[PDB]
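[1] Here's my sequence, what's the structure:
(3 chains)
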Amino acid sequence: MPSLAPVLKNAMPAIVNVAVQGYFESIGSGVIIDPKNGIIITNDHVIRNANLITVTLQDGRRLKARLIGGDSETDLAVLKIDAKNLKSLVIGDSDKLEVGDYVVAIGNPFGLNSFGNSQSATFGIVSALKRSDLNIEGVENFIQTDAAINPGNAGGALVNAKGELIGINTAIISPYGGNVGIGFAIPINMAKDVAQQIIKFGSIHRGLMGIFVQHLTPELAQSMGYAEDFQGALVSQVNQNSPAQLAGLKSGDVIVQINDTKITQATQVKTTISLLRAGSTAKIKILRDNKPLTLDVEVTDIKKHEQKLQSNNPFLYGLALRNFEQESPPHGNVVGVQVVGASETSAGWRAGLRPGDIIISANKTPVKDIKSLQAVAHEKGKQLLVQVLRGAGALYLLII
Amino acid sequence: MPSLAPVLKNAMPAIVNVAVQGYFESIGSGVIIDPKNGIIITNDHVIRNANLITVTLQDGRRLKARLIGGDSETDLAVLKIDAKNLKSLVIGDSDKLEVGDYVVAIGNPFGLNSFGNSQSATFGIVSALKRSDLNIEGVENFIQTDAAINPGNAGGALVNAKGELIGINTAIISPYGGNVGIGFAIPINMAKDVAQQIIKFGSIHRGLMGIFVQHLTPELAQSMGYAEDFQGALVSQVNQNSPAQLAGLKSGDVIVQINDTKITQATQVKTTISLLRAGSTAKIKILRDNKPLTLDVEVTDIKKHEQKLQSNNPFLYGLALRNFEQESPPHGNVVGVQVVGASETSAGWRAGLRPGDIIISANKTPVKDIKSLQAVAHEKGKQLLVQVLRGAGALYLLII
Amino acid sequence: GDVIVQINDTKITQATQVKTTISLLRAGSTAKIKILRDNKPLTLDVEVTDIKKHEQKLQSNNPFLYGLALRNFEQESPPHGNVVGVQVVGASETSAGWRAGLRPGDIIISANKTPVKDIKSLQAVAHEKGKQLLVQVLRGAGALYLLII
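    Numbering: from 1, shown residues only, chains lettered A, B, ... in the order given. Structure data below:
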């Protein structure tokens, strides 16, 4: 007989039961990645805010679990179980998945197996790949399956016909919270990378290139000189003083490949960079007009680069400024720069500077334009003193 | 072509439609077990409280159905149809089922086939086996399937890839009552046994061994001297004056096999005994410590055992008694037995004895403890006369 | 019945002063307590000990039954018949017993396959040291096996 029984026999031990207690009892599933060190993988939201987490095997053993690390962005987490005689599953290649491939989802939906010896298997094909824009997670590269995934199936395994592990069941789209044949799983290659990174450092340190990326439609590709069937990631903006700008990356460029990964659409860029660790160079392969180029862009920590940026310009950082000219009573003819916006973390905001203020003098020197203001700001003192107009009133502020 | 069409062709005639009218119209499905005598099987809850039940075949024939018997505990029922030229399907072995085997569920969901010629087939694998603790039915040994089972699928057939009958679709778990890929069917071996027992006696007469069973976890197994991977049904309690107690069964014993059926977990004991008929001996194979033993335990009707139990101790039966000593005004020093609880069926309760009462005298003889009370109870009279303390007051009661 | 009359330098004239005087003291430091037992003057040196530490010294002394309130129990309760053992009046959520799934109202009839008729007997079985103590309890009509580690 044509059956999935033999293959599923060799996969079920690897899938376990996770029980959670917090300040509140949550249940979910887990997969055993490395039976040697006894470490299992599951969804972050399962073990979120958890005092005690308990893992039960098909053996029937109940074991206290220790939390190595977790990542809210990709909804992944790694646990260590202090046990032996654990069994595991062969890991597979999610990048080789094709729509229409048969898959089985193994997990504990509705807490059905009290004793852990009977996980639930549900059967389906791969509906779609590389799902994004779902807004379920910060970083999404989902596998879409019509195999039945319900509450409690999270952290469960999604396996191909051979029984290799290709995904971790995460979320579903439902009008009423029950499975309607649409479910999502995190591809194992992405998931394994996150896990292996977690064990090594205890957390994921992520960086930004400071680039905005736009989907490249065929209509749009023609106007930029490319072929209709051309594919890639269009670069709409490269931010000011960003690692991308330093590398020489420009607007109108089309990202065609990042490192080993090849890029055919914009949504692929964010997922590729998210796996990369901060402080490490990323090889970006682009086409500027129709000329091939290769750029090495630093992937930089968010907080760290925000200090280098403040260091360059301490006083005026985090401020949106517009040149301002108006005849406003009782001030009379007013010429200076207006504070369109201020950052709550900025030196200006701390000083009491507010949006809508008009800066007329800095360090007792009249300011008629932004370029003049930046000059006075450029010369370095412990503090910059500014005089601003707030409504009918005026104020003196000290940016330290 | 790789299809289920040929096999389902030889299965669809066996599945029929059941229509019910009561005081209220209910619809469901049925399967034809014996075409010779024209007997069909279905869920008990379909034909519950039913004045007239009508069966329609794929032939298009509509037939009045007669109710042989039904069992609320396993939610099964047998119907006899007075017709000829009926077709049926080969019955199969549910015990040979494995998780991942392809199965099809045949029934009339939502009443879609008005004329009976087009049952609905739904395709899925076997999600799990031996489901229990669901608390849907009194006796549960369900097959879990992700094939689509909806209202009106009850009493329908669940068939393997060969087209053999392996289950009767019974219940689903859903947040909103629609199929979410989790559905349950009664394994055919169990269902066939119930049916054949019904045909023979018209009802199921069930008995209790008076034994409490606990799941044996590997952690728990070690401390009792067994292997970590050992499996069985731990005997937590053997009731007082029970058939199990007479046979010599004790706490700490592990049921490893009952009759032909081998036992690997606690939930299997209840389902196994449920099939057994009262007044029939059950062969119980246990391990006391690590020593193999065999005991033959009588499976006894509940009403009969409680009459043997009442006969043994007539007056004080159904009473929970605690030795009582207290200095309570206006009684002064009070010594006697206190009625912690009384059974509404008890001789004591009928006599007007209530919980909280303190028995200080029996048959004009002072009672200072339970053992003394039981002695006075042991000597036989048509009635036992007791003197009780009810609050500040006292009462004389006559227990017959 | 002893009367604290002075702690260290601070002299004590009413009860509320004891708590405030000790509250200032740092853990792991000896406190000089001056009392009157009946009408005879005495001086005692009492260790001021951390709460978490003392509760670890306390668990070590009695590992299995710590955090439990136990009462001797005798009752004739169907369907058990004559029941004699110790009843769990209360359990502490931090106790080894509570973790094992032991609940108040349970009646312990056996420990390590040995029948238990009273607290003194239970404490004896608990006193002999194993990694775990196995107990059999009565919960309502049912009975349960628990493993206290």
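[2] who touches the nearest residue to residue A:82 once chain neighbours are set aside in this structure?
    Among residues not flanking residue A:82 along the chain, residue A:38 sits closest, at 6.4 Å (CB to CB, 6 or more residues apart in numbering or on different chains). In this view, the C-beta of every residue, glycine as well, is placed from N, C-alpha and C. Residues touching residue A:38, when contacts are defined by CB atoms under 8 Å, 6 or more residues apart in numbering or on different chains, comprise A:32, A:80-84, A:86.
[3] For the residue in chain A positioned nearest to chain C, name its beta-bridge partners.
    Checking chain A residue by residue against chain C with CB to the nearest CB singles out residue A:52 as nearest, at 9.8 Å. According to DSSP bridges, the partner residues bridging residue A:52 are residue A:21.
[4] ok, it touching residue A:66?
    No: using CB atoms under 8 Å as the test, residue A:52 is too far from residue A:66 to be in contact (10.6 Å).
[5] Roughly how far does the residue nearest to residue A:82 sit from chain B?
    Separation of residue A:38 from chain B (CB to the nearest CB, to the nearest Å) stands at 16 Å.
[6] Now do that residue against residue A:15, distance only.
    Distance, residue A:38 to residue A:15, using CB to CB, to the nearest Å: 15 Å.
[7] Can you give the contact residues for stretch A:187-203?
    Outside stretch A:187-203, the residues that touch it by CB under 8 Å, 6+ apart are A:33, A:39, A:41, A:68-71, A:74, A:76-78, A:91-95, A:97, A:129, A:141-143, A:165-168, A:204, A:271, A:275, A:277.
[8] near chain B, which residues of chain A?
    A:1-9, A:12, A:59-62, A:85, A:104, A:109-110, A:112-115, A:117-123, A:147-150, A:176-181 (CB under 8 Å from any CB of the partner chain).
[9] If any of those residues are buried, put those into a ChimeraX selection.
    Selecting just the buried residues from the residues of chain A next to chain B in ChimeraX takes one command, with 16 or more other CB atoms under 10 Å in any protein chain shown as the test:
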select /A:3,4,5,7,8,12,59,60,61,62,104,109,110,112,113,115,117,118,119,120,121,122,123,147,148,149,150,178,179,180,181
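[10] quick one, what contacts the closest residue to chain B within chain A?
    Scanning chain A for proximity to chain B using CB to the nearest CB identifies residue A:148 as nearest, at 2.5 Å. When contacts are counted by CB under 8 Å, 6+ apart, residue A:148 is found next to A:105, A:109, A:122-124, A:179, A:181, A:183, B:146, B:180-182.
[11] likewise residue A:232?
    For residue A:232, the contacting residues are A:216, A:254-256, A:263-265, A:287, taking CB under 8 Å, 6+ apart as the criterion.
[12] residue boundaries of the helices in the stretch 201-350 of chain A?
    Counting by DSSP state H, counting those that start in this stretch, the stretch 201-350 of chain A has helices at residues A:218-223, A:243-247, A:267-275, A:302-312, A:347-350.
[13] With distance to chain C and mean neighbour count as new columns, can these be given to me in TSV?
    Below are the helices of the stretch 201-350 of chain A laid out as TSV (distance: least, CB to the nearest CB, whole Å; neighbours: other CB atoms under 10 Å in any protein chain shown):
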stretch	distance to chain C	mean neighbour count
helix A:218-223	63	12
helix A:243-247	49	19
helix A:267-275	40	20
helix A:302-312	36	12
helix A:347-350	40	20
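[14] between these, which gets nearest to residue B:340?
    Residue B:340 sits nearest to helix A:267-275 of all the helices of the stretch 201-350 of chain A, at 65.0 Å, using CB to CB.
[15] Tally up the residues packed near the closest residue to residue A:17 other than its chain neighbours, please.
    Spatial nearest neighbour of residue A:17, chain neighbours left out: residue A:56 (4.2 Å); criterion: CB to CB, 6+ apart. Residue A:56 is surrounded by 22 other residues when neighbours are defined as other CB atoms under 10 Å in any protein chain shown.
[16] Phi, psi for residue A:56 please.
    Backbone torsions of residue A:56, given as degrees, to the nearest 10, read phi -120, psi 130.
[17] partner residues bridging it?
    Bridge pairing for residue A:56 (DSSP bridges) gives the partners residue A:17, residue A:62.
[18] Just give me the neighbour total for the closest residue in space to residue A:280 that isn't next to it in sequence.
    In space, residue A:280 comes closest to residue A:299 once its chain neighbours are excluded; the distance is 5.8 Å by CB to CB, 6+ apart. Neighbour count for residue A:299, taken as other CB under 10 Å: 20.
[19] list the contacts for residue A:299?
    Residues counted as contacts of residue A:299 (CB under 8 Å, 6+ apart) are A:207-209, A:243, A:273, A:276-282.
[20] Keep only those of the residues you listed that are in strands.
    In strands, defined here by DSSP state E, the members of those are A:207-208, A:280-282.
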